[PDB]
Ligand SMILES: CCCCCCCCCCCCC/C=C/[C@H](O)[C@H](N)CO
Ligand SMILES: CCCCCCCCCCCCC/C=C/[C@H](O)[C@H](N)CO
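Chains as they are written, first to last, in the deposited numbering: chain A, 55 to 289; chain A', 55 to 289; chain B, 2 to 10, 24 to 47, 79 to 330; chain B', 2 to 10, 24 to 47, 79 to 330; chain C, 1 to 238; chain C', 1 to 238. A prime marks a further copy of an entry chain.
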């Protein structure tokens, strides 16, 4: 009976950084939406983290956000020949702030916003954010409408008001064209989990509600009293 | 008699990092098995470490794994002209986990798996792993079959269930093609060694069993009472 | 400062916090080791359950008030103790052989009964614990089983993908929506298949939520004393469902030729310690 | 914390552990300084060895039980002390002039003798120490030598490369496999050359494993009290061989014309403190 | 200043780490703590709650609800086996989508004692005895009752009590068995056989339905963590 | 913060180091400790166990088992030398695949006293005396018994006792002699000569076989560590 559980705790089950978003943004003139890359902060994009959160109804944690920003070189002509290091800027936007329309905008100063400048060839950039919500818990399921007359959106997409992370390059790149990809990682710590609930049997299809297709319970075996194999797979 | 042994201990005989594997993986599209490089964790690949382990029947140690990941440039055309630093990702897979089929797969998130991202031009990446087995000792010799009816594999290849290390690039490399080589090093510490046993006289031929060809005992000298040379090799 | 502790194998570790924020420290990851029947009289309407029957008290906790220690309201008008505590009886659903299942949505299922739909129609906020008691009259030759479960925040998926759901199809006014043993083909209705329980989870895995069994052999009724579970302490009851009952028969009822075939099922909920805040002269509808 | 020690040449070193795991510290690398004959009566069958002969007690330890301090089983049924402790005698191998050698595999060499092959045929687990006693009747004009050795986990290589071995060729049922002084040409048999001892090691280097010599000048018999050596505390005896006897004559036997030429060799093992676990109504074969 | 040396392990991003980091919202007070009921502490408390196991998991039945109801027909059988399954809590079709299995599938190694409680949903007047036997891995699955009797077993009187529970014991060579059990580190078969035959009176229906609940006993443990091979995705779902 | 300076030795991978490193399996408990017998502490305890040395290592004999058996024919010889070898425990063909040599071959420097125990495998009635003499490096190998007598020697009566042991003494200019001994830091020759001649009676076979066991005395030490020039490979063997 001296086999107690340490790696089954609520911390070690949830203190592992999972990838949440995959962005892509170039560094050239023309098509200004390709220069920056916006993302409203969900946890519902990637599945590998979503199933771990949707075992509990409510949560409350502090987080550790990290970014592995890597870049390539775009094909074609007029390439760099030689290229200094290129730095990236990650800006958080709170709910209700002014967003930049494009790159080199007026609003990229970020006096109040917690921007962070990161150089390539270094360690991945890291920050900590506390339990930030108006409510007392990050509710993973909200069985209720938005308006009191029962219209509007339905589901968890009413208390997910966490603003956006808008990333951009801060070099002009006079000669060449080069994309970069952003990979956001969430590692929640000091986690508390309330009201457990079953895992999702059906596959995920949306990031707005709990839509699903009716799937089978388990896989099929041969008979009611099938014991599998009596000897190995040979002969 | 004041010539006691310090460098003859079980630690200093076995606390030296030996190379265990040599991988090679490119960074181009097409032939997706050339993008990543898998390795089931043996110690039986390289001989220089294998003979040091096969002096004792059982072992129990904690390990220090290190990787000197170096890369070249592949010949041909459409080369980089200029190239930022390229980072590598080393992922451990436990026994019974989902493996990636190729690069840019869905399963490269590694929420539970202990991945490690390493940048070129830095110190080699390092991690510590504890004594991880279901048994009480890493048995180097298992004189017994797998199945209770005496079929299946025979030898040490039944308790070596340590999963695999799958390595990949995490840059797209839009222009060029470039391979990289992985060199895994095992340095066991806190070593305990049970039931010593003779060194292997015959050369090694396999990494699955103790197959061998019947070799001579020692080299041949001239006579029964040959003392070698009585004077130097001159005259 | 200068702390020393133990690690999971002398060996120790000295970690210091170098930052002026509580959410900037590392993760903790360390532990410091003719017959007698009971009669619930609530309000002015009693029940009679059994002497031998267990009563499941929610998620461990009894339903209680919201004290001044954890209130965020401005002014707190009165809560009634007799006017809204009665055992209100809803409509009687009818159990047949091939009956799939039934569900309810209780903050929007008591809007017509008593004053519970006459207090929450005026006040803005709301908070109440519930004392569900579901019963079916048994006999010794009427084999069959039942499962009740009060799932909280039972977000239900729509029948057709890339659609929302409609309030007419999610809840009903006095009736319990059936649980098609097959798949609904609707364009705006709910995906009401019975082997996925609406939410998409496995229907065998509904046993985490407070649950009780109404096995016709050894039980006549079932009583779940559910507590108020919500993240925010107070939320309006017309745009939020606190939980959801689900009565799913796992084993179908099999009578004989000379036996009764109109076995009913009733639900007799009763709100415990119902609190209200924010009186606005609204009269919602 | 804040430790000070010595190094191998005042001079000291202060190393701290900065991590919360026991396997993350550095390596330690520091030390803190008509005639009288004995008769073994085990079970109900004795032997008579010598007064002057040494008995090799395994790897230093006497065979003992598996206490509750290091048990991982669920329930532990009984172990017999009389029923399986007798000195079981195996078949008598015959020593000639050009005899190469013989081996055995003892967890699968006692399957027919007594109840030791009638307890392990039912129970799943197994654990027993052994008390091998090998004897050959001597005379003063019968020069020759012998080496016995109980090698543990004697993984034997196949005769042909990129093949496995077969259970019919690795062990035998009642007979000891010969050790060809030359090389076997088989496609699935064992590589049974005598100057590599099967495992590929030098046959002169078999003296680490508990060994004894049956030199015909100064010894008549040999007794090795081998202990149970395995990593796991309990493993099944039908898919695992605990150790392996190897009787290799280093010096051939040379008699004269008017002398006996049928010198035999017997082995008389006896399991000590045999424990069993996991009774399953199986009756293996 | 201080002449440090950068050891190997610098400028890396090991995922399962515990490092400090500067705060992005400095001096940001939080909402005060509330006592929501059901505050779970360890994940294994979900694997102590019973979840019905789909014992009749046949191909036609799995899609339907009738995969959880195991048939116990009344008559003279005395040879029919109501059910049998290898007790592999991780790979076996019977236990993998059950709550015990889903938490277990996340963790690579499993050690403990599983408990199967078989409820009887049937007429009050019905009476019968069933022998449920955990046969350890040994040799071959039990095929007749006499073979099952030798292995550990419980005789359950359906009439005297519904809900008989069998705590399958932990008998294993190793402290931990991998969730993806191989022939080595595998687990024994579990089977149920008629002892007397269900006796149902004229007024009640002869057929009855028995269901199986599986939850780990208190002494259950997990050892490693890994991706669940049950859920997947293709693209960033939007 | 702290203004350190990166000394030379930064970002390197010296193999024979001792540095800390973060753990990849955090909070991972281990299997508890078991007492397997034969827990060796130092490697030199393998070099205290005797291993037969192939003294008759002739070209035809090495392939055969008859390389460990040294001939001691019975007759009037009084000049024949049963065996002679330079006492180089590392390079010499006689001692290199023996257990003492194999551990020694791993370590570059050797210091201690070797012990050779020569057992007699022969008829009980046989009786003879042999002089085994360690001649120090001095000048030339002993070629007749009178030359051998001067150097340290033991007279062994085969009849009175089998297994006479000679502890070859450590007489050397340097504390440590390299395993790859050169003319400098070399070791003296060891030889065995008949003293009386084996006397075997009519009923026993005249020929007898003597074998040699070599193990280091308690005071043996190693000083460096290096690749063994005995085993090799070509590719990654699969
Ligand atoms: C460093 C710059 C970026 C800073 C980003 C701000 C912090 C990130 C937002 C925290 C996310 C909270 C966790 C989940 C919130 C919601 O409850 C879930 N999405 C539920 O759908
Ligand atoms: C940092 C990512 C990679 C992590 C790799 C996991 C740890 C490496 C496995 C430890 C190897 C154990 C030592 C040898 C095990 C077996 O007993 C031998 N192969 C015997 O053949």
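Ideal Cβ placement from N, Cα and C applies to all residues, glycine included.
- Message: Any C-beta of chain C' within less than 9 Å: which residues of the region 170-192 of chain A' qualify?
- Response: 170, 175, 176, 177, 178, 180, 181, 182, 183, 184, 185, 186, 187, 188, 189, 190 and 191
- Query: Taking Cβ positions only, does residue 190(B') come closer than 8 Å to chain C'?
  - Reply: For residue 190(B'), the answer is yes, since a Cβ of chain C' falls inside 8 Å of its Cβ.
- From residue 189(B) to residue 236(A), what does the alpha carbon distance come to, in whole angstroms? 57 Å
- Message: With a threshold of 7 Å (Cβ to nearest heavy atom), would residue 24(C) be considered close to ligand 1?
- Response: yes
- Query: Skipping 5 residues on each side, what residues in its chain have a beta carbon closer than 6 Å to that of residue 295(B')?
  - Reply: 190 and 192
- Query: Below 8 Å between beta carbons: does that hold for residue 278(B) and residue 111(B)?
  - Reply: The beta carbons of residue 278(B) and residue 111(B) sit closer together than 8 Å.
- Message: At a cut-off of 7 Å, would you count residue 177(B) as near ligand 1, judging by its Cβ distance to the nearest heavy atom?
- Response: no
- Message: Classify residue 226(C'): buried if its beta carbon has 16 or more other beta carbons within 10 angstroms, exposed otherwise.
- Response: exposed
- Query: At a CB-CB cut-off below 7 Å, which residues of chain C' make contact with residue 66(A)?
  - Reply: 27
- Task: Establish whether the CB of residue 206(C') and some CB of chain C are separated by less than 8 Å.
- Result: no
- Query: Which word fits residue 162(A'), buried or exposed, when buried means at least 16 other C-beta atoms lie within 10 angstroms of its C-beta?
  - Reply: buried
- Query: Does residue 174(B') come within less than 8 Å of chain C' when only Cβ atoms are used?
  - Reply: Not a single CB atom of chain C' sits nearer than 8 Å to the CB of residue 174(B').
- Output, in chain order, the set of chain A residues within a Cβ distance shorter than 7 Å of residue 136(A'). 134, 135, 136 and 137
- Query: Do the CB positions of residue 39(B) and residue 233(C) come within less than 8 Å of each other?
  - Reply: Not closer than 8 Å, so no.
- Query: Who are the Cβ neighbours of residue 155(C') in its own chain at under 8 Å, not counting the five residues just before and after it?
  - Reply: 129, 130, 131 and 195
- Run through DSSP, which three-state label would residue 293(B) get? strand
- Message: So residue 100(A) contacts chain A'; which residues on that side make the cut at Cβ distance below 8 Å?
- Response: 163
- Query: Roughly how many angstroms lie between the CA atoms of residue 60(C) and residue 302(B), to the nearest whole one?
  - Reply: 29 Å
- Of all Cβ atoms in chain C, is any one closer than 8 Å to the Cβ of residue 326(B')? yes
- Message: For a test of the three-state rule: what should DSSP assign to residue 159(C), helix, strand or coil?
- Response: coil
- Item | Beta carbon proximity, residue 119(B') to chain C, threshold 8 Å | yes
- For my contact list, residue 119(A) and residue 183(A) are in at a C-beta cut-off of 8 Å; report their separation, rounded to the angstrom. 6 Å
- Cβ atoms of residue 95(B') and residue 313(B'): under 8 Å apart, would you say? no
- Message: Using the three-state DSSP reduction, which class does residue 105(A) fall into: helix, strand or coil?
- Response: helix
- In the region 74-112 of chain C, which residue ranges form an unbroken alpha helix (DSSP H) of at least 4 residues, counting only runs that do not cross its ends? 99-106
- Task: For residue 201(A), count neighbouring C-beta atoms within 10 Å of its own C-beta (all shown protein chains included) and say buried if the count is 16 or more, exposed if not.
- Result: exposed
- Task: Answer yes or no: does any C-beta atom of chain A' fall closer than 8 Å to that of residue 179(C)?
- Result: yes
- Query: Applying a beta-carbon distance threshold of less than 8 Å, which residues of chain C neighbour residue 149(A')?
  - Reply: 108, 178 and 180
- Message: For the structure I just gave you, are there three or more beta carbon pairs, one from the region 261-273 of chain A and one from the region 137-148 of chain A, closer than 8 Å?
- Response: no
- Query: For residue 142(B'), is the classification buried or exposed, using 16 other Cβ atoms within 10 angstroms of its Cβ as the cut-off for buried?
  - Reply: exposed
- Proximal residues of chain C, C-beta to C-beta of residue 152(A') below 7 Å: 227 and 229
- Closest Cβ-Cβ distance between residue 31(B') and chain B: below 8 Å? yes
- Query: What span of residues does the beta strand (DSSP E) with residue 110(A) cover, start to end?
  - Reply: 110-121
- Whole runs of the alpha helix (DSSP H) within the region 129-158 of chain C, excluding any shorter than 4 residues: Fully enclosed alpha helix (DSSP H) runs of 4 or longer: 145-150.
- Task: Examine ligand 1 and report whether any of its heavy atoms sits within less than 7 Å of the Cβ of residue 141(A).
- Result: no
- Item | residue 161(A') (DSSP reduced to helix, strand or coil) | Residue state, collapsed to three classes: helix.
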